[PDB]
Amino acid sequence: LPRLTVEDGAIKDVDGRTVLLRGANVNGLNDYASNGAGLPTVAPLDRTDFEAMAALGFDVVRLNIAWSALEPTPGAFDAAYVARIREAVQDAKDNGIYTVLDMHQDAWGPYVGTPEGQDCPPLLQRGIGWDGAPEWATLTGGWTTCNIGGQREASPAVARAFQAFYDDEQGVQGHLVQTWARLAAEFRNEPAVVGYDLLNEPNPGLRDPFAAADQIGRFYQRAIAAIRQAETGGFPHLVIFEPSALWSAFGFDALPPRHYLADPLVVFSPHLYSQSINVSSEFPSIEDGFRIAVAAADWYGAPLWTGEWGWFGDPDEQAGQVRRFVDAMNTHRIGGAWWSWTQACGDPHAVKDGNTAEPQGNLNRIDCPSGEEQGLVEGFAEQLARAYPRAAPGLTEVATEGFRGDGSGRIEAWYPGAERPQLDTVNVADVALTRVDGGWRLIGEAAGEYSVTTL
């Protein structure tokens, strides 16, 4: 709905309200290798998915899109794939959901898997194909596609292909930069697009964390200059930038140098996987992982918005960690996107694990191999649907019992569930609670200090 900007370390709208962008990753437009499994790699995606997201209270989607589908041959720009992106943006907007466009990849791309008749070196496991870059952009030097321990990023071929990209071999990085500019031009006047997550979990390539962070930042600087030129005649959207993929395994990393990100609309977006999928199950803790990320974002002078987080095991055991995560989002007043809305039976994550005949998903449960959606993973869903202020002027505090601030403008908040929220609204005029699908939307007007709390 209103255009988003950054001011004073927060995502805000142009009306001055502090915005919390909470929602999920949606991969229905991503281009995954099929890996010979003979199964869909994504679920269908249409307006009903965005209605379902709005019924959990979400007001953002991280839309995982693929360079391989935008630029299928060198220099191409597939406007028919752009029209599917634009349909998803419009279906999200019709349901009150902003879109982050995420140039997504795992393990470089679909073309890094070990071919069927090819063996692995001793001590390595077979690789499979994932998502990201097109085949023509994939320059592996012939290095083995097998990996250490089954970890998708720990393959010589993937590392070499990333290093070829950072070194701009054959101009492949200039191709992605131009593809980003062309895509930003397609949305330059669309306020529902938050902005651009320049590359998901950039791998180190053949560099250590410090030289990796530098080459990742050098790419971000090139992409930002191309995007800002392409936005001529529209307006500048937010630039969401990530540390290397190592943050997703350790809870911290070397940081892309600030001089590469010297644009006022950048947003730091590490993936906060502490106590979920880090190398250590204990360190950093969930809460220390937030403190590290918050300190890093403050170094950039930028907002923190975490593009991926999630738990993947039994909700009976892990819902308490999910609860702790949401609590910390409220303490730090950030948004982010759960991984993920749907995972299909032929997704590479399922293929890797030999789990293509087992149910998939940590939010929407898909039966396999049928592909049929069969309810929600309720222990996680109930945490993700928790009440929050979508937009609030001068927001100062967000807690489980409600929120408060000091400012002038329209408050908009979500509350889940069929029962009417029972609220104490201090200094809020014209309060209206509207039943909406899956919950309730609150509106009201502030003009100074205010609070909206449970009674």
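Throughout, we count residues from 1 along the sequence that is shown.
Q: Taking only the CA atoms, which stretch has the higher mean B-factor in the record, 298-306 or 277-285?
A: Per the PDB record, 277-285.
Q: Going by the mean C-alpha B-factor recorded in the entry, which is higher: 147-155 or 313-321?
A: Comparing 147-155 with 313-321, the higher average CA B-factor belongs to 313-321.
Q: Among the candidates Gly109, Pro243, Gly336, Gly354, give the one with the maximum CA B-factor reported in the record.
A: Of the options given, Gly354 has the highest CA B-factor in the PDB entry.
Q: Based on what the PDB entry reports, which of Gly57, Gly36, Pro389, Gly28 has the top C-alpha B-factor?
A: So the option with the highest C-alpha B-factor is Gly36.
Q: Quick check for you: using the entry's CA B-factors within this chain, is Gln221 in the lowest, middle or highest third?
A: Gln221: CA B-factor falls in the lowest third of its chain.
Q: What third of its chain, lowest, middle or highest, does the C-alpha temperature factor of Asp253 fall into?
A: CA B-factor rank for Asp253: lowest third.
Q: Within this chain's modelled residues, let me know which third the CA B factor of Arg404 belongs to: lowest, middle or highest.
A: CA B-factor rank for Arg404: middle third.
Q: Using the B-factor values recorded in the entry, state whether the Cα atom of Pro270 falls in the lowest, middle or highest third among the modelled residues of its chain.
A: Its C-alpha B-factor, which the entry lists for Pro270, ranks in the lowest third among residues of this chain.
Q: Where does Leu45 sit by CA temperature factor within its chain: lowest, middle or highest third?
A: Answer is highest: the recorded C-alpha B-factor places it there.
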